[PDB]
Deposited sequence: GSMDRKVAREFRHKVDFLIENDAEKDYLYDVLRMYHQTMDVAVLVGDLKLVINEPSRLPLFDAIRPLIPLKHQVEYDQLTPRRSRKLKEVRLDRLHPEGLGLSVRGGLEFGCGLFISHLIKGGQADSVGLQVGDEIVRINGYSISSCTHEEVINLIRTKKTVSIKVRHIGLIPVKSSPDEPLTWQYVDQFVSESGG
């Protein structure tokens, strides 16, 4: 039943990574770790290839091969890969919602919490930097431009927010640049 694992992983790699050089890198990465058994280096190496939200499921595919002795440090080092959806209701508080938000349809990427004011209302309720805001007021926002979403958030007295924790932030720092992604701990600066 080992060949079943290898096959499954090899095609999920083929499907989620276009360039052969990054594939070769990925396999070399895990192979090096399989010799070193250094898990901090493995996640540190993995993040330079699993760089975009579509590739994040490879952290779960790699995961069953991780020895239990490394399992928990693996979890400390990976973004939270739980697919569960946290739902929230925020009220119009003198300091406001207490979050900052970036992305939208015109960028071809979802809408992410990029800043969370410590102690504000968003933090009171457990939202976190790196959540993708999936829904607002019950509506999927996938067809909304950025300004449309901000409009939709401001339509009523309170705002319903359902997020899925991603752990990546979109970065394009002016129009020339292609959109890429960064992990949360780095993006803060």
List in ascending order the stretches of the deposited sequence, numbered from 1, that lack C-alpha coordinates. 1 to 2, 95, 193 to 196
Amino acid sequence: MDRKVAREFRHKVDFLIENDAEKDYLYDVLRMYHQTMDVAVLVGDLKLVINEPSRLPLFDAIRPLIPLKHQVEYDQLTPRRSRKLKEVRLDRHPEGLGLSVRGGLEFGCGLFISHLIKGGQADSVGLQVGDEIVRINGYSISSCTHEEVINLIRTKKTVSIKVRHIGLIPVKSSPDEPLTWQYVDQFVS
From here on, numbers count along this sequence of modelled residues.
Higher mean Cα B-factor in the deposited model: 71 to 79 or 105 to 113? 71 to 79
Per the PDB entry, mean CA B-factor is higher for 154 to 162 or 34 to 42, namely for 34 to 42
Going by the entry, which of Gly130, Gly138, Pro64, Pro53 has the most elevated CA B factor? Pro64
Divide the modelled residues of the chain into thirds by Cα B-factor and specify which third, lowest, middle or highest, holds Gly167. lowest
Against its chain's modelled residues, does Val125's Cα B factor rank lowest, middle or highest third? highest
